[PDB]
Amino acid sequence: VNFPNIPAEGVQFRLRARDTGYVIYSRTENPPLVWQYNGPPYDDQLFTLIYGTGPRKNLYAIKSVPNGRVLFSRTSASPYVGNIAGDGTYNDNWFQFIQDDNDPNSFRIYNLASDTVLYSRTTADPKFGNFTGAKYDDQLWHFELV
């Protein structure tokens, strides 16, 4: 089931992991350009959604407020999770927000092109990334409206 509380188009938010409490950032300098962060609020943690239509209905591009780049999640080349300019020019720029089967208040950030979800953990490196496999709690996210 699609997450029932997806922010309206253009509404700004942070993406915060339910369990770690870390947020995603998307920047243009100093790789990794997309990663998780535990610290003060920076503008590169702010996102809006571009609503997919037609073949992209129920998918969304995740766009950076300060730099305008959208996220991608792929398995073909490094970096696997990154950003790129535009408004979702490429297939792997498009994400589905899938409500958790148990916790109705959180969702997975799912990529149709790559069949992956984003995760945030405190355990094994890489501590942030994408993943194809079983459901784990470290794949659960919140929209944090600002």
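All residue numbers refer to positions in the sequence shown, first residue = 1.
K.L.:
Between 25-33 and 60-68, point out the one with the higher average CA B-factor as the PDB entry records it.
P.N.:
Between 60-68 and 25-33, it is 25-33 that shows the higher mean C-alpha B-factor.
K.L.:
Between 5-13 and 124-132, point out the one with the higher average CA B-factor as the PDB entry records it.
P.N.:
Looking at the recorded C-alpha B-factors, 5-13 comes out higher on average.
K.L.:
Could you say which of 97, 42, 94, 119 has its CA atom at the highest B factor, as listed in the PDB entry?
P.N.:
In this record, 42 carries the highest C-alpha B-factor of the candidates.
K.L.:
Lowest, middle or highest third: where is residue 83 by C-alpha B factor in its chain?
P.N.:
Ranked within chain, residue 83 CA B lands in the middle tercile.
K.L.:
How does the C-alpha B factor of residue 49 compare with the rest of the chain: lowest, middle or highest third?
P.N.:
According to the entry, residue 49 has a C-alpha B-factor in the chain's middle third.
K.L.:
Split into thirds by Cα B-factor across the chain's modelled residues, where does residue 38 land: lowest, middle or highest?
P.N.:
Top third by C-alpha B-factor.
K.L.:
Taking only the Cα B-factors deposited for this chain, tell me whether residue 114 sits in the lowest, middle or highest third.
P.N.:
It belongs to the lowest third of the chain when residues are ordered by C-alpha B-factor.
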